[PDB]
Structure formats: C-alpha cells, structure tokens
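Okay, structure first, notes after.
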Protein chains: 2
Amino acid sequence: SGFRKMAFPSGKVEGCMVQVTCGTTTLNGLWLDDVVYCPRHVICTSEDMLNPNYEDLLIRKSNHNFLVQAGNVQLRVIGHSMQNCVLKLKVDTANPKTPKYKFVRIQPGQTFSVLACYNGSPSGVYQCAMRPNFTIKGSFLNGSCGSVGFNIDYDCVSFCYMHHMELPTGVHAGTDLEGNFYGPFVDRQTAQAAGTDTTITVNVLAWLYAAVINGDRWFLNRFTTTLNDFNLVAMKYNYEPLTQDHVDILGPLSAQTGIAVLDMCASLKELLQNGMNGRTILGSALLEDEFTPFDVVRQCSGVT
Amino acid sequence: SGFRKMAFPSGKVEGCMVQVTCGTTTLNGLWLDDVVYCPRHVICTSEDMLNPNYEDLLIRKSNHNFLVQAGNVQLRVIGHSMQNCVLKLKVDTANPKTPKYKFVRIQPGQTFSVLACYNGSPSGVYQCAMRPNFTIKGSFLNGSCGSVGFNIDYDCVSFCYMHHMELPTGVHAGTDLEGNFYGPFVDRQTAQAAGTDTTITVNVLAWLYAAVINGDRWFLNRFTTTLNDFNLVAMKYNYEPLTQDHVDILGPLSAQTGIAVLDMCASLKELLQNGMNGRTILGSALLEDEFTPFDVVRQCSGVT
Ligand SMILES: CO[C@@]1(C(=O)Nc2cncc3ccccc23)CCOc2ccc(Cl)cc21
Ligand SMILES: CO[C@@]1(C(=O)Nc2cncc3ccccc23)CCOc2ccc(Cl)cc21
C-alpha cells in the first residue's frame with residue numbers, strides 16, 4: 001500500500017549521459033552505440049537563437065568542433081549529421097553501457113521518467129506526462145537541454161523525450177529521439193504560446209481506481225452515468241473526452257476493485273461539480289492526471 | 001524553472017540490490033563490500049511474526065540457509081550476524097559496483113529517495129520524508145522489504161532507511177542501516193499505532209520560497225509576524241514549531257528571493273487561516289512539506 005509519483009530506476013539511462021560542447025554552448029547528450037544524440041541548438045549562440053538557420057550554422061561546424069565528454073574522458077567525433085532538431089554525432093567508441101533501447105514517439109497522456117542532467121551528470125529523476133497541449137511540466141534549469149524522457153520494459157529503455165526548450169510560462173517543450181518536436185514548438189527564441197492544458201481524464205480515473213485500492217474510498221457514491229453524460233461534464237471542466245478505448249484500458253482496474261468504469265465516472269462527475277470539500281485523495285487536494293492506467297497496475301502489482 | 005518531487009538518480013543503489021531468501025521468505029538486501037544487509041524478519045514464517053524470538057529463530061539458521069542472488073548469480077554466504085533488526089550476511093565476494101557509502105541516521109523532517117525493489121530488482125524510485133512521527137509515506141507492496149532510502153553527495157551514497165513494515169494505516173516503518181527502527185516500531189506483527197503526523201514547517205516554508213522562485217507569488221501578502229506569534233498559529237494547525245535554527249537554514253532562500261523568513265511565515269499564517277481558496281501553488285492544492293530547504297536550493301541551482 002501507498003501511492004507515489006514513482007519514476008523508473010534511472011541507472012540504465014545515467015550510463016548513457018554525456019556532456020556535449022560546441023564553442024561556448026554546453027548541454028547534455030545521449031550516447032547509445034557509437035552515436036551521441038543532443039539538441040541541434042548546441043551550434044547556436046544566444047544571438048543565433050533569435051533567428052537561426054541551422055543548415056547554415058551547421059556548415060561552419062566540423063567533427064572536431066563538437067566536444068563529447070563521457071564521465072571524465074573525451075570521445076572522438078568521427079561524423080556529424082542533423083536529423084530534424086537533433087544532432088547525431090557519430091563517435092569512434094560504442095557505449096559499453098548501452099542498454100537495449102527503442103526510440104518511441106509517445107501520445108499525449110502517456111507518462112515517462114525524466115533524468116534531469118547538467119554537464120552530462122544526472123542531478124535527479126522524476127515522473128511526468130506529455131500534456132494534451134504537447135508540453136511537459138518538468139523541472140529543468142539552464143543546461144538541462146539534452147536530458148531524456150524514458151520508459152522501461154524489464155531491460156529495454158524506450159526513449160521518448162529530449163528536452164530543448166522552456167516556454168515563457170515555465171512549461172517544457174522537447175522532441176522525440178528522431179528530432180521531431182512534440183506539438184507546434186520550434187527551436188527558435190520566438191514567442192511560442194502553449195495551447196489549452198486539458199486534464200487527461202483516463203488517468204484521473206486510473207488514480208481514482210488507485211485510491212480505492214489504497215483505502216481512500218470516501219469519493220465513492222451511489223450513482224452511475226453514461227459516456228455522453230460524463231463527457232458533457234468533462235467538456236465544461238476542460239477534461240479530455242472519455243472514449244470506449246479509455247473504458248477498455250480501465251477494464252483491469254474496474255475488475256480489480258469491482259467498480260464499473262461508468263460508476264467511477266459518476267464519482268468523478270460529483271468530484272468535479274462538488275469539489276473536494278477540504279478532503280484529500282491519496283494525500284492530494286486535487287485530481288491527479290499524471291498516472292496512466294498502466295502506471296497504476298504496475299505500482300499496485302510490482303512490475304520490475 | 002519547474003518544481004518536481006525529484007528523487008536522486010538511483011543507478012548507484014540499483015548496483016547494490018540483491019535478492020535474499022531464507023526458507024520460504026524472500027525479500028531484498030543491500031550488498032556493499034562483502035556484506036549483504038536485509039531486514040532480520042527474513043528468518044520468520046507468518047506464524048513467527050506474531051511473537052518472534054529472533055535470537056532463538058536465528059539459532060536454527062546456518063550460513064547455507066540464506067540464499068543471496070545478485071542478478072542471476074548466486075553469492076556464497078560465509079558468515080551471518082544480527083545487528084539490531086538487520087541481518088548482516090558476510091559473502092565471499094565484494095560488490096564490484098559498491099559505491100562510496102555512509103550509513104547515516106536521519107532526523108525527522110529530512111527527505112531521502114527510495115528505490116522500491118521486489119526480488120532484488122528495482123521497480124521504481126520516488127522521493128519521501130521521515131515524518132515527525134518516524135513513519136514514511138512510501139509505496140511498498142509485499143516483497144518490498146529490504147528496499148533502501150538514500151541521499152547522494154556527488155558520488156557518495158548515504159543510506160538512511162531500510163524498509164521493514166507496513167502499518168495498518170498504510171504508512172511505512174523501517175530502520176537505519178544499523179538495524180535500529182525509526183520511532184517506537186518493533187518488527188513484530190502486533191498492533192502498533194502511528195503517532196500524530198505533524199507538518200514539517202521549515203519544509204513548507206522552503207517550498208513557499210521555491211514557489212516564489214518559479215513565479216507562483218499570489219500567496220505573498222503585505223504582512224509579517226514574530227516567531228512566537230507564528231508558532232501559536234502553527235501549533236493549532238499541528239505544524240512543527242519553528243525555531244531560530246529553521247530560520248537560519250531558510251537564510252539562503254530568504255536571500256535568493258529578498259523575502260524575510262518572518263514575512264514568509266505571515267504568508268503561511270494567512271494560507272493556514274484563510275485556505276488556498278481554490279488556488280494552487282506549484283500545481284499543488286495543499287501545502288507541500290516533503291522538500292527540505294536543501295532540496296529547494298539543490299533543485300533551483302543544479303547540484304549534480
Ligand atoms: C537554448 O535554450 C533555450 C531554452 O529555453 N532552454 C532551457 C530549457 N529548459 C530550461 C531552461 C531554464 C532556463 C533557461 C533556459 C532553459 C533558451 C531560450 O531560447 C530558446 C529557444 C529555443 C530553444 Cl529550442 C531553446 C531555448
Ligand atoms: C514481514 O512483513 C510485514 C509487513 O508489514 N511487510 C510489508 C511492508 N511493506 C509493505 C507491505 C505490503 C503488504 C504486505 C506486507 C508489507 C507483514 C506483516 O507483519 C509484519 C510485522 C512486522 C514487520 Cl517488521 C513486518 C511485517
């Protein structure tokens with residue numbers, strides 16, 4: 001029992017963290033095999049960020065202009081290329097600590113762990129989610145760029161995020177491991193606004209199922225609702241529309257607790273309309289949406 | 001910018017996690033040098049837990065009765081001893097992944113990272129704090145016993161907690177790495193009640209300083225207070241008494257923001273008396289007390 005915003009063990013990802021320097025700029029890189037991945041804005045100065053032509057900036061950069069430092073040893077860059085908003089630096093030595101990996105592009109709503117790094121050194125690890133507006137609410141300072149987001153399936157690291165930008169609103173924007181940004185964000189120092197942040201409904205339902213599993217059952221009511229009725233209420237509260245797929249995914253948690261998914265929706269509906277009334281659920285005074293139904297089952301079963 | 005309940009990178013602690021079996025019981029152990037530490041209740045059956053004489057139970061256990069499995073290889077137990085509520089199994093092979101370590105007994109209020117394990121395999125990592133009633137609000141299932149709590153100073157792991165027990169209230173009880181329980185808890189299956197959980201005042205103040213640093217400044221008021229006046233209010237709300245030492249420790253965050261510690265106390269006083277009024281601070285609808293002032297500076301400066 002107990003329910004925490006538990007991140008994946010980061011050891012397998014720490015072994016991939018390197019420091020990438022280009023001129024004055026220094027950020028983090030992810031060394032897997034003989035390739036180091038990092039945000040392509042490593043080639044920019046602060047003046048270049050305002051309006052950068054990365055193709056042009058890159059021309060005035062050679063293999064020796066990139067300094068990759070793993071731990072305290074220097075790596076030899078034997079090739080360089082730009083894949084979307086990431087630089088792929090081919091080094092002459094394969095990472096001896098390269099785990100089994102996949103580069104996956106997650107969907108908004110999915111949650112991953114972030115290993116925040118500075119100078120190729122991991123400083124901490126936390127769990128976060130891809131917001132429906134394709135931002136993350138991370139904890140990143142200057143020099144955290146190149147830090148990755150990941151999931152782990154037994155011994156396989158699925159890299160899904162690379163940190164590039166902090167938006168003026170304090171939210172974070174980044175790319176998948178193929179250099180493509182999540183959302184409309186561009187790696188330019190220009191005013192970019194984050195869209196509406198909606199609440200990932202299926203996740204709040206999953207954390208309500210998690211609460212019932214841990215004894216917090218006060219919010220359980222005598223009512224039920226329909227998918228369409230629940231969604232009219234969800235719409236008003238800027239909550240994601242709940243679909244039959246979401247109900248399907250909640251099936252396991254519905255079976256575990258014996259509470260139908262539409263009964264849980266009615267409890268959520270009353271929580272949305274009536275408020276928490278001073279009470280807490282899993283020590284939280286608000287509805288938590290950064291636990292997928294997969295995170296709840298994993299934490300309440302013990303998947304290692 | 002951004003503020004998360006960020007745990008330390010767990011890689012250095014994953015390399016110490018082993019599976020310890022004794023008869024039918026299987027829990028986790030911490031292998032540092034040629035010693036594997038684990039909860040002494042590994043020698044008990046479910047009937048023994050009701051009233052165990054560990055000295056007597058241990059007599060009917062020999063070196064070969066303990067099965068330590070690291071990864072997928074078996075370790076040879078060449079000696080065994082009981083230090084308080086922990087078993088110290090001396091193995092013939094020193095852990096090649098043993099980091100620089102210290103065994104430290106933390107004070108209530110201090111926060112550490114937990115690497116939750118099952119069968120010697122790390123399943124996840126989260127940050128938590130030693131409650132003033134010497135319990136932790138962890139996330140532990142059956143088989144998580146032997147999971148450790150730790151802090152990291154650059155390359156040195158300070159082990160401070162070992163998980164032993166879940167109390168009927170869903171809170172967790174454990175020992176330091178010398179086998180001594182935090183609080184009055186005993187490793188017996190007998191009704192043990194957790195005392196009053198108070199709010200770690202100095203930590204809530206630190207997370208208020210962290211909020212101001214991240215732009216959330218709505219709670220800042222035009223008032224100040226005295227230490228004695230603040231404490232009368234803190235007492236009523238079951239908040240820890242604030243001492244001059246706590247004010248001293250908040251000095252750095254006071255200097256960073258230019259907000260005096262007693263001005264921040266007045267903001268906290270109004271937050272306690274008036275409530276959040278529907279608003280959030282750092283995305284939280286309640287006052288967070290599981291960030292020490294050291295955690296705030298570390299997260300807002302980038303200590304790796
Ligand atoms: C190159 O770094 C930028 C940035 O936001 N990086 C950051 C990312 N995280 C946390 C940050 C905390 C403080 C300072 C910067 C942070 C600086 C502003 O202009 C831009 C413009 C585009 C891009 Cl792709 C990045 C950036
Ligand atoms: C030996 O394990 C016990 C326990 O609480 N362990 C646990 C610790 N964490 C999470 C748990 C989740 C579910 C089941 C047990 C959990 C079982 C009950 O009796 C006792 C009595 C004393 C002690 Cl020192 C431990 C224990």
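Ordered as shown in the structure tokens, chains take letters A, B, and onward, while each chain numbers its residues from 1 and ligands are numbered from 1 in the order shown.
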Could the residues of chain B that have an atom at most 9 Å from ligand 2 be listed as CSV, each with its closest atom pair and the distance in Å to one decimal, counting only C-alpha atoms and all ligand atoms and ordered by chain and ascending residue number?
```
residue,atom,partner,partner_atom_place_in_ligand_line,distance
B:25,CA,ligand 2,1 (C),8.7
B:27,CA,ligand 2,1 (C),8.9
B:39,CA,ligand 2,24 (Cl),7.5
B:40,CA,ligand 2,24 (Cl),8.2
B:41,CA,ligand 2,1 (C),6.1
B:42,CA,ligand 2,1 (C),7.6
B:44,CA,ligand 2,1 (C),8.0
B:45,CA,ligand 2,1 (C),8.6
B:46,CA,ligand 2,19 (O),7.6
B:49,CA,ligand 2,21 (C),5.8
B:50,CA,ligand 2,21 (C),7.4
B:85,CA,ligand 2,24 (Cl),8.2
B:138,CA,ligand 2,9 (N),8.5
B:139,CA,ligand 2,10 (C),7.7
B:140,CA,ligand 2,10 (C),4.5
B:141,CA,ligand 2,12 (C),3.9
B:142,CA,ligand 2,13 (C),4.0
B:143,CA,ligand 2,16 (C),6.8
B:144,CA,ligand 2,9 (N),5.9
B:145,CA,ligand 2,8 (C),5.6
B:163,CA,ligand 2,8 (C),6.8
B:164,CA,ligand 2,24 (Cl),4.6
B:165,CA,ligand 2,5 (O),3.7
B:166,CA,ligand 2,5 (O),3.8
B:167,CA,ligand 2,5 (O),6.2
B:168,CA,ligand 2,5 (O),8.2
B:170,CA,ligand 2,10 (C),8.1
B:171,CA,ligand 2,9 (N),8.5
B:172,CA,ligand 2,9 (N),6.4
B:173,CA,ligand 2,24 (Cl),7.8
B:174,CA,ligand 2,24 (Cl),7.6
B:185,CA,ligand 2,24 (Cl),8.2
B:186,CA,ligand 2,24 (Cl),6.4
B:187,CA,ligand 2,24 (Cl),3.2
B:188,CA,ligand 2,22 (C),4.1
B:189,CA,ligand 2,21 (C),3.6
B:190,CA,ligand 2,21 (C),6.8
```
For this session: Identify all residues of range 46-289 of chain B in strand (DSSP E or B) (DSSP on the backbone) and supply them as a count of residues only.
Result: 69
Problem set entry | Counting only C-alpha atoms, chain A residues within 7 Å of chain B, as a PyMOL selection string | chain A and resi 1-11+14+118+121-126+137-141+170+285-286+302-304
Exercise. Within 8 Å of residue 43 in chain B, counting only C-alpha atoms, which residues qualify if same-chain residues fewer than 4 places away don't, as a PyMOL selection string?
Worked result: chain B and resi 22-23+25+54+57-58+61
For this session: Name the residues of range 165-262 of chain B that fall into alpha helix (DSSP H) according to DSSP on the backbone, using the chain letters and numbers of this document, as a ChimeraX atom specification.
Result: /B:201-213,227-236,244-249,251-257,261-262
May I have the residues from that selection written out with C-alpha atoms, as a JSON list (two decimals), in the first residue's frame?
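Saved result, selection-v7.json, follows:
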```json
[["chain", "number", "residue", "atom", "x", "y", "z"],
["B", 201, "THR", "CA", 7.05, 23.71, 8.98],
["B", 202, "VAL", "CA", 10.60, 24.57, 7.78],
["B", 203, "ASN", "CA", 9.96, 22.43, 4.62],
["B", 204, "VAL", "CA", 6.60, 24.10, 3.78],
["B", 205, "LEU", "CA", 8.44, 27.46, 4.12],
["B", 206, "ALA", "CA", 11.16, 26.15, 1.76],
["B", 207, "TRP", "CA", 8.53, 25.02, -0.81],
["B", 208, "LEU", "CA", 6.93, 28.53, -0.46],
["B", 209, "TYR", "CA", 10.36, 30.01, -1.22],
["B", 210, "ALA", "CA", 10.58, 27.53, -4.19],
["B", 211, "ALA", "CA", 7.16, 28.70, -5.39],
["B", 212, "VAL", "CA", 8.22, 32.39, -5.36],
["B", 213, "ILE", "CA", 11.40, 31.39, -7.33],
["B", 227, "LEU", "CA", 8.44, 33.58, 15.76],
["B", 228, "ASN", "CA", 6.16, 33.23, 18.85],
["B", 229, "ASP", "CA", 3.07, 34.55, 17.03],
["B", 230, "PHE", "CA", 3.66, 32.30, 14.01],
["B", 231, "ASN", "CA", 4.12, 29.30, 16.37],
["B", 232, "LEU", "CA", 0.80, 29.86, 18.15],
["B", 233, "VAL", "CA", -0.86, 29.52, 14.70],
["B", 234, "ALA", "CA", 1.42, 26.60, 13.68],
["B", 235, "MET", "CA", 0.52, 24.76, 16.95],
["B", 236, "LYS", "CA", -3.26, 24.97, 16.18],
["B", 244, "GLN", "CA", 15.81, 30.05, 15.13],
["B", 245, "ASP", "CA", 17.75, 27.11, 13.54],
["B", 246, "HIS", "CA", 14.95, 26.69, 10.95],
["B", 247, "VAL", "CA", 15.06, 30.47, 10.23],
["B", 248, "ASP", "CA", 18.89, 30.16, 9.83],
["B", 249, "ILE", "CA", 18.52, 27.23, 7.36],
["B", 251, "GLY", "CA", 18.56, 32.16, 5.18],
["B", 252, "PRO", "CA", 19.79, 31.19, 1.69],
["B", 253, "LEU", "CA", 16.22, 31.10, 0.26],
["B", 254, "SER", "CA", 15.39, 34.36, 2.05],
["B", 255, "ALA", "CA", 18.48, 35.93, 0.35],
["B", 256, "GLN", "CA", 17.68, 34.44, -3.06],
["B", 257, "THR", "CA", 14.13, 35.96, -3.11],
["B", 261, "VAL", "CA", 11.68, 34.45, 6.78],
["B", 262, "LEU", "CA", 9.13, 36.13, 9.08]]
```
For this session: Figure out the distance between atom 2 (O, counted along the ligand's line) of ligand 1 and CA of residue 194 in chain A, please, to one decimal in Å.
Result: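 Between these atoms lies a distance of 16.7 Å.
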For this session: Pick out the residues sitting within 12 Å of residue 83 in chain A, and hand them over as a ChimeraX atom specification; count only C-alpha atoms, and ignore anything fewer than 6 positions along from it in its own chain.
Result: /A:37-40,54-55,58,89,175-181
